[PDB]
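Only one structure is covered here, and it is reproduced in the block below.
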Amino acid sequence: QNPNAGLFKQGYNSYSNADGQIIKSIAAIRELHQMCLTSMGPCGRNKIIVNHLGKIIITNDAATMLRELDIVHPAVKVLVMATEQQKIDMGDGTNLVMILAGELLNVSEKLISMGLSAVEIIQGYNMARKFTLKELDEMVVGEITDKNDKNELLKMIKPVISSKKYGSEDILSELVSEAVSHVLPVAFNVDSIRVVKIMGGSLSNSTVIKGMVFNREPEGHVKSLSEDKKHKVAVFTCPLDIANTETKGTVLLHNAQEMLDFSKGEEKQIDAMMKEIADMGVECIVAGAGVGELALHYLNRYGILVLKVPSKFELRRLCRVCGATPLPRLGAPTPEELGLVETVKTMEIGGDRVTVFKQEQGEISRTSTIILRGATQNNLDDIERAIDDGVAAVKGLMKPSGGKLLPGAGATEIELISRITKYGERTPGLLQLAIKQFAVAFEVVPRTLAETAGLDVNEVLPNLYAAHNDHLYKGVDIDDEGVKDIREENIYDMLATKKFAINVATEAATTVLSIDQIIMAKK
Amino acid sequence: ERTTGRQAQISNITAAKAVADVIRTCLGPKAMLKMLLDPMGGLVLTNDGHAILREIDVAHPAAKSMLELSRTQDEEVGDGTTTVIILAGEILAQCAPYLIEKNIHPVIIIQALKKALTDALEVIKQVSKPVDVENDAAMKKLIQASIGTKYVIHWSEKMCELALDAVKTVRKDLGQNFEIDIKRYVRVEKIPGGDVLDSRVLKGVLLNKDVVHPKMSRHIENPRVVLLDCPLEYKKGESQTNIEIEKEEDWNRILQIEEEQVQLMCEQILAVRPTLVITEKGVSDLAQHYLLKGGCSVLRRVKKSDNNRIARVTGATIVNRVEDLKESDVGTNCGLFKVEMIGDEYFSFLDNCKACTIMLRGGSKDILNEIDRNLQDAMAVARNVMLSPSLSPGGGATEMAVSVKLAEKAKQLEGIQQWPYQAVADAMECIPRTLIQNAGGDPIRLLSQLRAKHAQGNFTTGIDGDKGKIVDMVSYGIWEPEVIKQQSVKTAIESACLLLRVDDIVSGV
Amino acid sequence: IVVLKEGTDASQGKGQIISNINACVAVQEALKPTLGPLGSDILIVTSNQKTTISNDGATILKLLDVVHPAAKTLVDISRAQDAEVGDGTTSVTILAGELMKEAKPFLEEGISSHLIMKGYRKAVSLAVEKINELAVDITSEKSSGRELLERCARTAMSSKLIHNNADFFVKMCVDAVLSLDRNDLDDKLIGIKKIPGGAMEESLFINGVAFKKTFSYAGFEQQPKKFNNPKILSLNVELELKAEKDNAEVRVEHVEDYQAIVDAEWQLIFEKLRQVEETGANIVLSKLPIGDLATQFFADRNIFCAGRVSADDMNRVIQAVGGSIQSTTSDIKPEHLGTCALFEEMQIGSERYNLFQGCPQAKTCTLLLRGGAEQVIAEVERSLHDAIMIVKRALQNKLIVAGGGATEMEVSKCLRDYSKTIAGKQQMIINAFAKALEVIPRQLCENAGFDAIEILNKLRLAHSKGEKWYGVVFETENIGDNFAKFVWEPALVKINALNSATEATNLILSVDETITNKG
Ligand SMILES: Nc1ncnc2c1ncn2[C@@H]1O[C@H](COP(=O)(O)OP(=O)(O)O)[C@@H](O)[C@H]1O
Ligand SMILES: Nc1ncnc2c1ncn2[C@@H]1O[C@H](COP(=O)(O)OP(=O)(O)O)[C@@H](O)[C@H]1O
Ligand SMILES: Nc1ncnc2c1ncn2[C@@H]1O[C@H](COP(=O)(O)OP(=O)(O)O)[C@@H](O)[C@H]1O
Ligand code: BEF
Ligand code: BEF
Ligand code: BEF
Ligand SMILES: [Mg+2]
Ligand SMILES: [Mg+2]
Ligand SMILES: [Mg+2]
């Protein structure tokens with residue numbers, strides 16, 4: 001009975017904002033917000049996401065959950081995008097971008113209710129944002145002396161590891177700050193900290209080697225080298241065998257002589273190529289390329305420990321352990337191209353054999369490995385996610401004064417509430433509203449930390465407030481009585497991170513408000 | 001299947017909030033018409049809230065509870081239908097945050113809302129002024145108020161007239177409260193055509209039933225009315241009445257008897273010397289004849305409701321058995337008995353040149369239903385005042401007063417118990433806002449000014465509809481029955497309080 | 001009208017955590033019977049159709065498929081246990097589960113999980129140190145070098161189908177952990193072989209190495225099938241005329257060249273062939289073929305051979321006769337070859353088995369297993385790997401604890417006593433873990449029939465009231481000193497167990513929302 005008009009396209013779905021769409025979207029976002037609102041903080045919980053190909057995953061991190069889910073709401077995909085910015089362009093703070101970007105849009109509808117224009121709320125929010133970055137540049141309490149002194153590193157990575165893997169917060173950050181120093185010179189690349197893991201025992205057995213460990217075996221009878229300093233090593237892009245011709249290349253034979261002779265002929269020609277290099281002192285050659293049969297045979301005689309490592313990304317990070325250099329052809333291993341290794345033996349870890357490549361002092365390495373032991377593969381993975389979170393935050397404290405740092409535990413956030421509102425009822429006009437809201441928004445970081453801590457938020461929140469109006473160290477007592485003090489534990493979110501986040505969350509949350517109509521299509 | 005937790009709560013709130021969302025553009029003087037399509041066939045082109053929500057089946061339980069709110073409210077006062085829905089929503093919605101965001105238990109938010117309601121109700125009676133339920137001019141400019149915002153406004157004055165001229169007509173004080181049964185004593189009658197003004201409130205009834213026999217009086221000057229239950233034909237025995245005849249000339253005997261009893265019956269009626277005999281049941285052709293020469297016109301088949309209204313504008317009390325037909329059962333106090341033929345359709349009138357019959361005329365059978373409903377709203381707010389001579393500052397003024405006196409108090413209460421209380425205040429404000437919006441003016445702007453002007457400068461200051469500027473009520477006036485402001489806030493806060501008691505929803509009988 | 005996930009289930013709430021616990025309990029209760037000396041056994045016929053019967057809790061939990069995220073961790077920690085240790089696999093889960101069980105009361109009463117997680121965290125730390133604290137290190141402290149490996153491979157070989165033929169296998173087990181260099185215990189050398197038929201103990205311990213009989217060529221049956229000190233040539237490649245693989249093109253325009261190139265082929269082989277003869281060998285093995293002509297040759301001159309030997313075999317062959325693989329026939333020097341004490345070609349279980357027995361210079365043995373069904377031989381090989389692997393980790397750590405519930409029961413004591421000093425939330429949680437450990441002694445009694453209640457309760461008195469090694473007298477159902485009774489297991493088990501078990505337990509207590517994607 002009911003007609004239908006103005007249609008000539010194909011079978012889409014247009015959600016005009018003049019149909020209360022902005023809120024339909026706030027809803028969709030509101031839903032995935034609650035998922036992240038309980039993952040943040042040391043008191044955060046994990047979620048087991050089960051892959052669309054069927055794989056288990058457990059992670060405290062936010063940018064990862066979202067990644068592994070099949071999001072579909074356009075207004076939501078936008079905030080999942082911002083959680084990508086954070087993980088790529090910072091590795092840390094991924095969780096805080098969500099909670100804010102969402103909370104922004106939450107206290108955003110309160111305004112839309114009154115009558116505040118879209119464009120008015122946008123403007124007021126940006127005005128409040130730029131203003132918010134300023135204070136952070138000066139709300140900054142200490143700043144690490146850029147000391148890079150191993151112990152100074154542990155003061156930074158420890159608060160990042162807690163609230164991701166809180167419990168082994170130190171056994172971890174210590175375990176990484178030790179991997180980073182082994183590669184940091186004396187007057188950064190994240191790749192130089194390859195991480196391995198294997199089922200067995202618990203984390204108490206986790207280690208830090210001055211080089212990577214490999215799974216495959218040494219190939220020749222050359223099992224494992226000696227325990228006397230220095231070992232000349234030669235890497236190869238080319239495979240150990242008589243090269244061939246990219247255009248065909250078949251052996252021809254006109255007379256029996258050719259044959260009878262070709263047989264043993266190539267036999268020694270291989271010995272030749274092998275010999276000569278074994279001679280230059282080499283004794284361990286890592287083969288990124290294949291390895292011929294006769295080839296290894298002769299080398300077997302020359303006690304040359306081999307190690308097929310086709311991983312061109314592993315082989316390259318390997319050379320930066322010993323000092324050697326990858327050699328495209330075969331035969332001219334200049335005494336310069338070669339490198340030195342202190343240890344290159346085979347240890348059984350958790351029951352299975354693996355080949356190592358470390359050093360105990362001499363010949364420093366620019367690629368260390370963190371060997372994590374664990375029992376549950378699942379958990380063991382979320383740990384390697386934390387190791388990355390820390391490393392990412394270290395590579396970020398570099399060159400352009402990344403040391404800067406402000407109070408963690410939301411202590412900073414509470415201050416930021418008042419401080420942004422300062423600008424609030426200070427700016428004339430109706431923008432004053434949105435600017436004040438933008439401030440309320442920052443109450444999620446504290447409140448949730450308390451909420452996740454089983455603390456009656458209605459108590460910790462006012463407490464932490466009046467306790468902020470010299471002493472802007474007072475944060476949320478994760479564990480008790482009212483609040484606690486940041487300083488009381490040397491815990492704080494560095495500026496570079498928490499600042500870039502606020503900027504990404506404000507973009508995400510703002511673009512969502514700029515859309516005043518949506519169009520979809522059948523999939 | 002199941003949905004416990006905030007999960008439940010949320011969907012309930014959103015559900016309820018959505019209910020509002022639909023008719024929010026139907027509250028205000030510029031309110032639009034929601035032409036709805038009923039399953040049975042026809043349509044509903046009304047903007048009268050309850051009449052819309054009725055024609056929309058909903059799913060979510062809360063949306064069902066929220067929808068029936070408009071009904072119970074349309075049962076107390078005839079007006080304030082759309083308003084209760086919008087308020088009932090905004091209340092739940094304004095609690096949403098402190099409900100979960102501020103983790104306040106539903107018991108506490110309820111303990112406060114029930115408290116904030118009473119205080120809020122005070123502020124209503126506090127700003128309400130009484131009125132002369134008898135002053136025709138006041139009643140008119142009162143009824144007129146709740147006729148705006150409806151298609152029937154282009155004859156506003158003409159409407160309040162037919163409204164009062166009918167409220168008062170069926171009224172009957174009685175004291176040993178005032179009883180006004182608009183329902184059973186003001187049968188309306190929508191007749192297609194003519195002009196709107198061409199409609200009057202006949203003090204009597206109007207039946208289209210013609211006369212039982214051709215040569216019968218088309219109109220008795222001062223007729224003697226006789227109303228009766230029982231039919232006018234040969235009755236039969238309520239037992240196993242079976243006749244056996246073998247006695248030849250006995251067939252004629254019994255077959256005659258029938259004529260004989262019809263005679264008797266005509267006698268008993270004719271006795272009290274009647275001119276008009278209206279029965280609810282039939283009229284034997286024979287009985288017609290003996291009532292013809294008996295000197296009276298007859299009307300067969302008339303509804304109980306139709307008949308008992310006749311017996312109030314003819315005095316003629318209705319009587320069953322005729323051998324008991326008293327003479328007190330007269331037909332005194334009854335003007336003419338016109339039988340105007342309205343466009344190929346005969347009617348019959350009974351005006352006197354306790355119960356009237358409002359006869360509406362417009363421009364379609366369709367357009368009339370707009371009027372009828374619109375009228376009902378008028379005729380109901382008239383009744384309200386008749387039973388509560390108190391009025392409230394219209395233009396959403398009252399709504400804003402309660403917003404402040406509550407807002408103030410809430411802010412000065414201290415304790416978690418404050419947030420829910422605060423919300424009731426913040427909530428209330430939505431009506432002057434929906435008004436200002438459906439006006440076109442700037443909500444954030446006008447409200448801040450209305451609210452401020454309210455905070456000190458008088459409380460009878462609401463927003464003007466077609467204008468969009470804040471005006472003082474007293475000024476151009478648009479007070480509404482205080483009763484409406486009661487219910488609207490009574491049940492709205494209740495609704496909210498019910499749905500907030502839900503923390504789980506389940507499916508299966 | 002819009003959506004946010006496309007019909008893909010995902011539960012949350014407090015119940016979510018409880019679901020997961022119970023879920024794990026299932027997979028747990030499943031293995032509870034396979035525990036203790038008198039432990040029940042399972043028979044799984046996977047959707048595969050392969051029928052198996054075993055007790056290696058790992059092997060059972062591997063055949064159960066299991067897809068529940070939560071409950072699937074019990075499958076993981078059981079696998080690791082069969083790695084970093086090799087035994088106890090059955091128990092790591094019983095406990096891991098049991099803890100999650102004892103966490104229910106709190107989680108239900110309305111307590112934070114982060115608090116229960118902390119509580120258990122300390123509980124383990126303390127319990128772990130306590131084991132280290134009791135890890136009776138010895139060497140000649142009235143224990144001897146062999147009686148440690150025996151006494152430990154024994155108790156652990158108990159409760160397995162291989163039990164009533166204990167002595168036979170423990171003497172066999174230890175002998176094979178010693179067969180390899182005690183400086184680098186590599187399982188991959190003890191290479192096992194299974195032979196259809198025979199008594200589940202008519203199994204043979206080869207001193208040198210034993211392998212299949214890949215000998216797939218004509219001209220065999222000649223070549224002696226037995227030598228005392230033969231000159232083993234652990235060669236790596238080929239020995240066929242036309243070559244088994246690889247080629248080139250021979251183009252000739254002269255009739256004579258044709259017949260010429262032919263005579264060359266032949267001589268080309270024969271030479272390399274005599275090149276082997278020249279090494280003066282009696283046994284010629286190769287991971288590649290030994291063609292009809294080839295094997296025919298050696299057959300003529302009483303030289304034995306076998307082509308296409310199992311790759312992982314030649315490596316055990318080397319380690320036995322002390323040879324050293326050789327790829328070409330040219331530079332074949334004599335320190336390359338090898339020699340055993342005795343070689344023979346058996347007809348064990350209707351299957352010919354070339355075996356180089358007797359090799360006082362070996363670093364790798366091989367052992368053939370027997371049984372009346374491909375399920376029992378299979379269970380032996382797994383019942384024995386659980387032992388060999390425990391002997392091995394008892395050399396590297398002469399630290400031992402008396403199980404049979406004792407170690408478990410005692411670690412409860414100190415843990416329960418400690419909780420007194422704490423009081424409050426942490427008290428109950430840490431005191432819970434203490435009780436939760438009682439599952440091993442508890443279950444161990446129910447499985448066998450002993451009065452689980454009384455024997456447990458009677459143990460708690462005496463054990464806490466002194467006797468730090470009181471467990472359960474498998475014999476006269478009653479408590480007793482399991483250290484005195486010689487029920488030893490390396491501490492390396494229990495320590496890994498409680499570490500890794502708890503891991504699972506808090507990994508689960510940490511999850512509040514499980515989002516399963518569909519597709
Ligand atoms: N030790 C702690 N005590 C109180 N707050 C902490 C602690 N460690 C980190 N946090 C808080 O963790 C919050 C960020 O949550 P997290 O789960 O680390 O997500 P991300 O770091 O990815 O944003 C920061 O606001 C910081 O204040
Ligand atoms: N003339 C008007 N100018 C401004 N407000 C009006 C006017 N007429 C009705 N109102 C207000 O709007 C509401 C009545 O609107 P209406 O559309 O009639 O809803 P309902 O169905 O509840 O009567 C009341 O708050 C009344 O105060
Ligand atoms: N001889 C025994 N007497 C008492 N307890 C024993 C004895 N043998 C093994 N146990 C105990 O039985 C449990 C081992 O169960 P078992 O069925 O062997 O599975 P797993 O060893 O894989 O856990 C441990 O508590 C161990 O100490
Ligand atoms: F989850 Be975040 F990256 F610490
Ligand atoms: F618009 Be209402 F019902 F009078
Ligand atoms: F079942 Be266990 F590995 F002894
Ligand atoms: Mg972090
Ligand atoms: Mg009205
Ligand atoms: Mg065992």
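Quick note on naming: the chains in the structure tokens go A, B, ... in the order shown, residues restart at 1 in each chain, and ligands are numbered from 1 in order of appearance.
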Review point. Within 12 Å of residue 423 in chain A, counting only C-alpha atoms, which residues qualify if same-chain residues fewer than 2 places away don't, as a VMD selection string?
Key: chain A and resid 124 to 125 127 to 132 134 to 135 416 to 421 425 to 428 431 to 439
Check your understanding: Which residues form the shell of 9 Å around ligand 7 when you count only C-alpha atoms and all ligand atoms, given as a list in words?
Key -> residues 40, 41, 61, 91, 92, 93, 94, 95, 96, 159, 160, 161, 162, 163, 164, 386, 389, 390, 393 and 493 of chain A
Practice item. Dump as a PyMOL selection string the residues of chain C that approach chain A to within 7 Å, counting only C-alpha atoms. Key: chain C and resi 2-5+69+73+76-77+80-81+83-84+112+114+248-252+257+260-261+264+268+326-327+496+499-500+504+507+510-519
Only C-alpha atoms, please: the residues just picked out, written as a PDB file, in the first residue's frame.
ATOM      1  CA  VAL C   2      23.036  -0.572  10.839  1.00  0.00           C
ATOM      2  CA  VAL C   3      25.251  -3.243  12.437  1.00  0.00           C
ATOM      3  CA  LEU C   4      28.762  -3.679  13.970  1.00  0.00           C
ATOM      4  CA  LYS C   5      29.967  -7.363  13.537  1.00  0.00           C
ATOM      5  CA  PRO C  69      39.572 -21.073  23.986  1.00  0.00           C
ATOM      6  CA  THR C  73      45.001 -23.818  27.432  1.00  0.00           C
ATOM      7  CA  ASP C  76      48.914 -26.294  25.941  1.00  0.00           C
ATOM      8  CA  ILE C  77      50.328 -26.462  29.459  1.00  0.00           C
ATOM      9  CA  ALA C  80      54.914 -27.973  27.558  1.00  0.00           C
ATOM     10  CA  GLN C  81      55.081 -30.244  30.582  1.00  0.00           C
ATOM     11  CA  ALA C  83      58.799 -30.875  26.935  1.00  0.00           C
ATOM     12  CA  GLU C  84      60.683 -28.962  29.647  1.00  0.00           C
ATOM     13  CA  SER C 112      37.801  -8.786  41.904  1.00  0.00           C
ATOM     14  CA  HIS C 114      42.798  -9.089  39.847  1.00  0.00           C
ATOM     15  CA  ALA C 248      73.375 -34.537 -19.296  1.00  0.00           C
ATOM     16  CA  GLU C 249      73.443 -35.046 -23.039  1.00  0.00           C
ATOM     17  CA  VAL C 250      75.805 -37.276 -25.030  1.00  0.00           C
ATOM     18  CA  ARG C 251      75.924 -36.435 -28.733  1.00  0.00           C
ATOM     19  CA  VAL C 252      78.218 -38.491 -31.017  1.00  0.00           C
ATOM     20  CA  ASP C 257      81.879 -43.327 -30.059  1.00  0.00           C
ATOM     21  CA  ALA C 260      82.760 -46.081 -26.574  1.00  0.00           C
ATOM     22  CA  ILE C 261      80.650 -43.931 -24.341  1.00  0.00           C
ATOM     23  CA  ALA C 264      82.823 -45.577 -20.260  1.00  0.00           C
ATOM     24  CA  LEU C 268      82.684 -44.974 -14.516  1.00  0.00           C
ATOM     25  CA  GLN C 326      81.285 -39.661   3.055  1.00  0.00           C
ATOM     26  CA  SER C 327      79.683 -38.183  -0.056  1.00  0.00           C
ATOM     27  CA  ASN C 496      57.651 -26.444  36.261  1.00  0.00           C
ATOM     28  CA  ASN C 499      54.576 -22.481  37.536  1.00  0.00           C
ATOM     29  CA  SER C 500      53.039 -23.457  34.225  1.00  0.00           C
ATOM     30  CA  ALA C 504      46.801 -21.140  32.686  1.00  0.00           C
ATOM     31  CA  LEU C 507      45.249 -16.476  31.964  1.00  0.00           C
ATOM     32  CA  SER C 510      42.028 -12.513  33.276  1.00  0.00           C
ATOM     33  CA  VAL C 511      39.518 -12.898  30.456  1.00  0.00           C
ATOM     34  CA  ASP C 512      36.173 -11.124  30.838  1.00  0.00           C
ATOM     35  CA  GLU C 513      34.926 -11.106  27.234  1.00  0.00           C
ATOM     36  CA  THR C 514      35.332 -13.863  24.691  1.00  0.00           C
ATOM     37  CA  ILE C 515      34.508 -12.869  21.119  1.00  0.00           C
ATOM     38  CA  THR C 516      34.302 -15.828  18.811  1.00  0.00           C
ATOM     39  CA  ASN C 517      34.239 -14.827  15.193  1.00  0.00           C
ATOM     40  CA  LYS C 518      32.153 -16.947  12.794  1.00  0.00           C
ATOM     41  CA  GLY C 519      33.474 -17.922   9.397  1.00  0.00           C
TER      42      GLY C 519
END
Practice item. Report the distance between CA of residue 300 in chain B and CA of residue 268 in chain B in Å, rounded to one decimal place. Key: 17.5 Å
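When DSSP is run on the backbone, the residues of range 366-490 of chain C that fall into strand (DSSP E) are residues 366, 367, 368, 369, 370, 371, 399, 400, 401, 402, 488, 489 and 490 of chain C.
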**Study point:** DSSP-assigned alpha helix (DSSP H) among range 46-114 of chain A, expressed as a PyMOL selection string
**Key:** chain A and resi 62-68+74-88+94-114
Practice item. For chain A, list the residues within 10 Å of chain B, counting only C-alpha atoms, and write the list as a ChimeraX atom specification. Key: /A:1-2,19-20,27,31,106-107,110-111,113-116,430,444,447,451,456-458
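Any residue of chain C with an atom no more than 12 Å from chain B counts as a contact; using only C-alpha atoms, that gives residues 11, 12, 13, 14 and 15 of chain C.
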Enumerate residues in contact with ligand 6: an atom-to-atom distance of at most 8 Å, counting only C-alpha atoms and all ligand atoms. Format the result as a short mmCIF file (atom, residue, chain, number, x, y, z; two decimals) with C-alpha atoms, in the first residue's frame.
data_model
loop_
_atom_site.label_atom_id
_atom_site.label_comp_id
_atom_site.auth_asym_id
_atom_site.auth_seq_id
_atom_site.Cartn_x
_atom_site.Cartn_y
_atom_site.Cartn_z
CA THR C 34 44.62 -41.61 34.57
CA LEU C 35 46.45 -40.54 37.78
CA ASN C 55 48.15 -42.47 29.81
CA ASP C 56 50.54 -39.64 28.65
CA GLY C 57 48.01 -36.98 29.66
CA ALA C 58 49.51 -34.95 26.88
CA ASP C 82 55.99 -33.14 28.20
CA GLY C 86 58.77 -35.09 30.00
CA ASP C 87 56.65 -36.39 32.83
CA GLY C 88 53.84 -35.19 35.09
CA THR C 89 51.85 -34.16 32.08
CA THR C 90 48.77 -35.81 33.55
CA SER C 91 49.04 -33.72 36.70
CA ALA C 156 57.51 -42.82 37.02
CA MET C 157 57.08 -45.93 34.91
CA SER C 158 54.47 -47.01 37.44
CA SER C 159 50.81 -46.46 36.55
CA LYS C 160 51.52 -47.24 32.89
CA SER C 383 55.49 -44.91 28.47
CA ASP C 386 58.20 -40.43 29.73
#
